[PDB]
Amino acid sequence: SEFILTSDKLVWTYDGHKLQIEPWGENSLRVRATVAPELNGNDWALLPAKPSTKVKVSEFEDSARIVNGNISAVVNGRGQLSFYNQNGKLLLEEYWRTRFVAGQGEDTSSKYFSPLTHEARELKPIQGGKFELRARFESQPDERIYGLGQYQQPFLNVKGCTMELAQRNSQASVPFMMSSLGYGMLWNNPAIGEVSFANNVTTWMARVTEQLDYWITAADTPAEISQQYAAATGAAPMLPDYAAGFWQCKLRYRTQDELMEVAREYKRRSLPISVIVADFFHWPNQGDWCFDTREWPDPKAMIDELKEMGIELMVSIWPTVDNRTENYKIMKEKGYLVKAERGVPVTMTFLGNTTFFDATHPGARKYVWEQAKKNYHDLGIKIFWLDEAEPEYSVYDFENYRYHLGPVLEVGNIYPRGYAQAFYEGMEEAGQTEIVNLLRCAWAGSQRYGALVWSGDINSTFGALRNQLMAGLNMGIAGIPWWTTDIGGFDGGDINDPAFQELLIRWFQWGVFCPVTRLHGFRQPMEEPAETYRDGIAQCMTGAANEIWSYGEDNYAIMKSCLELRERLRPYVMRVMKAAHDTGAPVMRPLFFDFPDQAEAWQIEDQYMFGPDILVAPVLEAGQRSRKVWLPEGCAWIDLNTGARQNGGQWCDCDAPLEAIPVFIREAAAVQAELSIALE
Amino acid sequence: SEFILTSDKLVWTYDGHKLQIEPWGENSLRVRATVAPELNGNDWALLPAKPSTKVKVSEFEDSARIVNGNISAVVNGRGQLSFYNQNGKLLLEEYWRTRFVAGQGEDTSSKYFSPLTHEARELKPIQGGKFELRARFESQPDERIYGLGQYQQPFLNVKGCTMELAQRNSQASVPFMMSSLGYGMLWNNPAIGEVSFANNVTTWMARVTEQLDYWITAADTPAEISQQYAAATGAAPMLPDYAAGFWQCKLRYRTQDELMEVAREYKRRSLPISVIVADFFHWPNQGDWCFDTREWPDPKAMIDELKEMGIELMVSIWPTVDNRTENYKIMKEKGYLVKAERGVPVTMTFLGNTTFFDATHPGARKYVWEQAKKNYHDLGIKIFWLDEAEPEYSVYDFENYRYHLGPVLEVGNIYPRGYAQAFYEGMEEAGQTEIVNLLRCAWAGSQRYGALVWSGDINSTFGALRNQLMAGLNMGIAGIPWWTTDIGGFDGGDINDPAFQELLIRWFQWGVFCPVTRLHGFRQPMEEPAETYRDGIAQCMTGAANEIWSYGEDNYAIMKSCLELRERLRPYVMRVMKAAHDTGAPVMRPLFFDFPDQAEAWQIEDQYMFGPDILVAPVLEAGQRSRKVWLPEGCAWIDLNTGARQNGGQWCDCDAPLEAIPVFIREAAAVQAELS
Amino acid sequence: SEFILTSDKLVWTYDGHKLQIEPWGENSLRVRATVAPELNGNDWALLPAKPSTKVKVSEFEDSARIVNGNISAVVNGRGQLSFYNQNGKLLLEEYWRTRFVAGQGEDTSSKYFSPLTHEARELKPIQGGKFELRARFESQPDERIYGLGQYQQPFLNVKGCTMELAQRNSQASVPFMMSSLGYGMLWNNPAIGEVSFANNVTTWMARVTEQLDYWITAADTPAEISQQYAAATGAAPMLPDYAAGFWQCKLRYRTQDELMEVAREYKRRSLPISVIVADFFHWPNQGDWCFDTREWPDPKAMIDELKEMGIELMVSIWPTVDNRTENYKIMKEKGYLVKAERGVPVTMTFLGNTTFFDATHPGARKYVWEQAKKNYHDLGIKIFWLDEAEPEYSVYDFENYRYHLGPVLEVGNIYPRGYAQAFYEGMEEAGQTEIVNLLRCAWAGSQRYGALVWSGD
Ligand SMILES: O[C@@H]1[C@@H](O)[C@@H](O)OC[C@H]1O
Ligand SMILES: O[C@@H]1[C@@H](O)[C@@H](O)OC[C@H]1O
């Protein structure tokens, strides 16, 4: 057992195991461990640390301590690590269950004493290869845990849940967690694996990795933890003003004329609309990244007319390259494609045999961007829909694929970040200052590349709606403030069905109070294409209509008033977006973000704060026409739908007719005067 | 998608996947699934089923259904399975998250619709080999889960916990679970893996296996579930009388004279003592399985004097075979040893380079038994301490070891069952009835081989005591009624330390109300052997004394009264042991076993029932001199220590002086008269 | 298909596969290939090359060519490589059997056209890991092949033989071959593997590696090839004069008295004797690296008398460290031991449970040297018997052991070179010139560390 200490770094070593703990921003430490000769140069999501104020390394009781403001790490003589805040409260301790550790007998008075033989930093060597990593920590009885990204499950607090650390359609692993004990932790490792916050033990796992790497931070409030995390992995940029308005989309406007008729119809009805969208397969083949001139005869004319109308066009980008295209040949020559480890060299079989571009290859990123620049951005398109961003392998056999940076098992989760990066850096280089792209997935730090994330191809049910609410709130805690969904969900909504229409309205009403308000879906009844193939290329179907007038008159009136409300909220939304850019605060956030000292704020999962001034209580059940709403203590609240003033610190039994979900405004906030509050 | 239905069997198939559901005892079904050409012949823990008269297989719309009494299974046209009780209530449903399944689009109105692509029955092919199995089930927000064996954790209800399906010192995987929703389930698969009862999904995993195999049972009460499980995997036999008395042990009586002096001191003071124990390294070398005559000059004379005193001798058995022994040579010739897949052919390095005998090899079982028969059983020893039963690899690299029945990844967890079987079958064939052996580990069905399990080499702390209460209760739920601990814990207790002495008293008081009352440990200050080596063989140390007079007179009086109390309890213990044999009920039970209709019985984890008539509320903290005790509704309760009558259905603040823990007797139960 | 050419380097690339060919000494080329982003910094046995002044790089038709004195490499537009001497004679040709390669159809008039689909440079990805390498070359009907090291087989010419690229007691993989066609080739890769010079195809194999790396040289005579190889991997030093005399040894002189009785009896009979040897287990325990004073009560007096007699003492060094020793404890603390990947942490069980010192770890080399220096070299011992140099695992499960430089599968064969290096560098640092140590095993370049190899048990 040997400490190698300096005035601002704590190293411990035994039998080739090196543990290194150091400052990494105010109130924060980075922890790395390896059994390789040295630590490698991989920083993954961590940006360079701003030098720390008042770091102190010391020795006591055969241990070493490193303090960095509000956090301290204690490594004992057996190499066992625990973290404390400035008040001496335990935040996080390693889980050890051994009788012999670091060449020493374990202390029999400790819960660490056990014949089971579990290590807290298990770097299990893979034969012929690298290491399978398990980092074990003790569970704590009181601990509530948030963040981790976007998971399809009805749990805000994920203590007791196990999350796959992998990217799949409708899932985003963004492995920053925030704990009710007053710390946050980033698992700074893009390897395929798992995090289980089991009641009996916390275990983070990487299938293949070179070393343990995580970042841990402490503060007295959630807001400070979020700010410290944004300083560590990057701030969201400022949202462009157009992105706070209404986004109209469906699967799919098949032609220029079809898309333009929808846009004109919105303007004819004097309805708000800021973005309209050309979904996938508007192109000749996958990997061409251009409009098919047969269905889209004059894209610049479309874009020019849309600009007169005050509407931005977004276009679908797919990361797939079909093996019959010119770009396949060139990208294959240059090694810009992902590779199958075994079997046929095809990563996806949707409407052709395609291979994903390698978003971890800087050359590939630049190649794909410059195709998009030439064929889209140069025409005035300022938003890209970066779909299939995981990427969506036809079969998720992560072991069978390899990237520029290594096997998908080792580096796979960073793919969506690189995909976002390709377009952000490219667009910034082309002179665009405010950049937002719609990403289906993300990793830690994706926020810095202007990633507006949406929750993918979920089904159209109340079950899904509930899952999306939890996922979006957890995404915000994981540092992704720009987040949205397909209003109505993606799959299964028949436009004539009363059950789906009710879901649509509830989801739309929630959508008004999401970071971005975006209507999209694959509506039934679907329509097969006229011809199944053209030039040997399989043709893409479309769903039914998905405009706000497509669901009858009564529903149109509700959705129209939702659009008008969203317009009135735009100034507030932009203030909250600025605060996200400035402070790392999420836009939609759990009640505990704004009211951390109130017990109920840590228990309630079916309410949230849309910025600091608006309390939202969505309706998550079919048929429900009332619900209970807790009003936080510390201010009075104005009921948006009735104008009644309610004191904080009580439960209200709120009416929830089909026409409105319960929403309350913080009394005397600037947003109160910006809204029209009717008296009923 | 194709159903193949008969009068008593449901089969579903698509793309080589075969799902087979059939009756397996009353109110029970066996579920199997494979992508191999056919199901194999491995039954593992399941005994032959008594034929069910009431089985009914039906087809309706696109689905098929099989009912066996109080359980039914429905399989839809997409091969997705859920279970219901006789009232039609959901017990358990598979977890599917796909857009396409069984050649069909998934229903978009169902929570099963998802692009994530998780199957409920994932048989993932291992390249060049067999399958990595994951069986996924939906979680339920109100589901509380018990059993699974013996885990070193402070949780009775294990909903939210993840348990490793592996055997290590102080852990036993016995993978039967009982749910508060009204079903029990056996994972009938000995593969290394894991069970995660996570809030978001339940996942059972097997690292290497040929097929999915589980057994599920339904009843309106826990008692019926326990009974149905015992019919599935085997009844505990009848406990022999002598096992209900006091078992005296320490690490370690180094000589015949040392052991005999302790027994003589117990008799000199007219104290109860039923079993005395010779711990490990009383032998010349590992794999000799005999007394070393230098320290044990006349074993027959020891056993005869102990018999005159009314005491049975138990002896340590280690499954290790040192490579310098004659038995290593012969066992190596016959192929009766465990094999390392890679590296030096050594499985443990404790006091020698040893290799474990293969408890899954029927020949090796017979060989080891016949050695123990010749050197011990023929002398009159009739209890064996089957230690290191996991077995305790120096390094738990399960992938690096192989048994007769296959790689340890595929079959490893059945080792302790085979180890118990070797001795139980051997002793039965030698004419012994009512067999009991002290096993350190178990698998499903170990109870049928007379396995008294103890919780291994835990530390001597109050934290450990708390874990042991939970583990023992969960072992009973998993069908292991004969269970015990080292009173005082194993490791770290200094006999002169007041703090340890307090723990010892609290643990002893609890041990009186355990299925077996057994004093053991490795007490400080330890003593190194005089000679480190003798004939090149590393010599084993000892701990300090561990007799009831070794901790002063005040503690002596307390433990003496504990032994006298245990003797008065013996007829009740034998009644509860017979009930365990007859009905599969545990001996130490969670409150919900006897009071399943009462909410508090499913919440309280620091009280339990010692049989149906005694409520026990252990003191689990240093310095504590009182505690809250919930008294179940439906009977009056008699305070064991005051004789006071208390009505059921209330919380009482109970006196808990150092000299007694709170214990209550069901009013008018036969044991009331027996105890005062 | 793309060539990236400079005046002294040929690079070809397609789909991330990079092939790099460059001069590496007179009449010699280095060949490397990888599918990683770039070539790594591992040179293994190759010393830095003296600059070649007349190197000529050209492109013609769809091909490219690099000439360096007596050798030239030609790479066609499909990335297929062949070597020629100054007379235009074919030396070595890659083995390809495909219908489609480097994005192009294969030529149907060539023996390379085949549905079999074998590549000459097969970097087969290991799932979650690195690469399994096979480098295939055409066999040639009258090629005779020599070198490769020390194999227990009655064949000087090894055309038609298959040699394991692994170290075992009585075997040494030193993977430099000399062909009768007039070239030499070093497989500059320490991975566990195989070289088969089969009549139908030549295949070099590496179980685990990051990249292909070999060195190839051409000349009109063997003597020139041997000279060019010594310039590439290092010259043997000058042998000390005592090493040409008679070395007397047995298993084993157990005591100081027994050894000295033999030495004196050689002198009493007026017989020549230059070296006498103390074999293994003259020490208290494995990893102590000192005389046991019970059997060897005054080592200084022994060495001084042998010096008067004109005799050098050599002593047995074992690389094993028994787990009861003080050096085990310290070497474990510092990470200076070889590690088992699975199972008991024991690499050899001969007369105790021992773990090998990691001869690929620079710190461990220095640690073991300094023990031998304190206990042997400071007393006047000038020769070390570096036994068990493979090292001799009780079980040769190469997949189950890992070194400082990586898994034994990737780097294992360089261990005996590091073991030699530890003592050579240490003795040189202590002021000794003309160093010779008795090594049981070797890799390419072991000669530069004064390695007198013997053929084992
Ligand atoms: O949102 C959808 C996206 O997730 C993908 O499946 O491509 C079509 C889009 O409509
Ligand atoms: O209980 C102990 C057992 O678990 C093992 O370690 O052998 C010695 C016994 O005292």
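All chains are named by letter (A, B, ...) in the order of the sequence lines, taking the proteins before the strands, and each is independently numbered beginning at 1. Quick note: numbers below take in every heavy atom, side chains included, and nothing from hydrogens, waters or symmetry partners.
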Inset, instruction - Flag the pair A/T13 / A/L19 as yes when at least one side-chain heavy-atom distance between them is below 4.5 Å, and no otherwise. - result: no
Inset, instruction - Could you tell me if the ring centre of C/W318 sits under 6.0 Å from that of C/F357? - result: no
Inset, instruction - Report yes or no: do B/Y551 and B/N546 form a side-chain donor-acceptor pair below 3.5 Å? - result: yes
Legend entry - Test item: A/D15 side-chain N/O and C/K334 main-chain N/O as donor-acceptor pair under 3.5 Å: no
Inset, instruction - Would you please indicate if the ring centroids of A/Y214 and A/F137 are separated by under 6.0 Å? - result: yes
Legend entry - Within 6.0 angstrom of C/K332 NZ, more than 12 heavy atoms from elsewhere: yes
Legend entry - Close side-chain approach of A/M205 and A/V195, heavy atoms under 4.5 Å: no
Legend entry - Passing candidate, side chain to side chain contact (heavy atoms under 4.5 Å, CB included) with A/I71, options A/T217, A/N85, A/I216: A/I216
Legend entry - Steps toward side-chain hydrogen bond (donor to acceptor under 3.5 Å, both in side chains) verdict (C/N327, C/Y367): CA-CA 9 Å; C/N327 283 328; C/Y367 189 88; 2.6 Å; yes
Inset, instruction - Answer yes or no: does atom NZ of A/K124 have more than 12 heavy-atom neighbours from other residues, nucleotides or ligands under 6.0 Å? - result: yes
Inset, instruction - Decide side-chain hydrogen bond (donor to acceptor under 3.5 Å, both in side chains) for B/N459 and B/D491; before the verdict, give the C-alpha distance in whole Å, the side-chain angles of both, and the deciding distance to 0.1 Å. - result: CA-CA 5 Å; B/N459 59 335; B/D491 223 327; over 6 Å; no
Inset, instruction - Sequence neighbours left out, what passes side-chain hydrogen bond (donor to acceptor under 3.5 Å, both in side chains) with B/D497? Give chain and number order. - result: none
Legend entry - Ion pair check, C/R402 and C/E341, cut-off under 4.0 Å: yes
List, one per line, each side-chain donor-acceptor pair under 3.5 Å for residues 1-11 of chain A, sequence neighbours excluded.
{"residue": "A/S1", "atom": "OG", "partner": "A/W12", "partner atom": "NE1", "Å": "3.0"}
{"residue": "A/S1", "atom": "OG", "partner": "A/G77", "partner atom": "O", "Å": "2.5"}
{"residue": "A/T6", "atom": "OG1", "partner": "A/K9", "partner atom": "N", "Å": "3.2"}

Legend entry - Reference residue A/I145; test side chain to side chain contact (heavy atoms under 4.5 Å, CB included); the match among A/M177, A/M178, A/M185: A/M177
Legend entry - Mutual orientation of the aromatic rings belonging to B/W507 and B/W510 [parallel < 30°, tilted 30-60°, perpendicular > 60°]: tilted
Inset, instruction - May I ask you to decide if A/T53's main-chain N or O and A/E26's side chain share a donor-acceptor pair within less than 3.5 Å? - result: yes
Legend entry - Polar contact flag, side-chain donor to acceptor under 3.5 angstrom, A/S63-A/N76: no
Legend entry - Within 6.0 Å of CG in A/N87, more than 12 heavy atoms from elsewhere: yes
Inset, instruction - Run the salt-bridge test on A/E132 and A/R207 with the 4.0 Å N-O cut-off and return the result as yes or no. - result: no
Legend entry - Any donor-acceptor pair under 3.5 Å from A/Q104 side chain to A/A102 backbone: yes
Inset, instruction - Spell out, as yes or no, whether a donor-acceptor pair under 3.5 Å connects the side chain of A/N42 to the backbone of A/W44. - result: no
Legend entry - Presence of salt bridge, A/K111 and A/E138, under 4.0 angstrom: yes
Inset, instruction - Could you please spell out the steps behind the salt bridge (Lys or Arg N to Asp or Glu O under 4.0 Å) verdict for A/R30 and A/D43? - result: CA-CA 10 Å; A/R30 185 180 187 182; A/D43 288 340; 2.9 Å; yes
Inset, instruction - For C/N285 and C/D322, test the side chains for any donor-to-acceptor distance below 3.5 angstrom and give the result as yes or no. - result: yes
Inset, instruction - Measure the acute angle between the ring planes of A/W204 and A/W187, then classify it against the limits of 30° and 60° as parallel, tilted or perpendicular. - result: parallel
Inset, instruction - Hey, could you give me each pair passing salt bridge (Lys or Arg N to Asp or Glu O under 4.0 Å) that has a residue in residues 16-25 of chain A? Not counting sequence neighbours. - result: A/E22-A/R32
Legend entry - A/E119/A/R97 salt bridge by N-O under 4.0 Å criterion: no
Legend entry - Reference residue A/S72; test side-chain hydrogen bond (donor to acceptor under 3.5 Å, both in side chains); the match among A/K56, A/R65, A/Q86: A/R65
Legend entry - Exercise: do A/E143 and A/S179 side chains pair donor with acceptor under 3.5 Å: yes
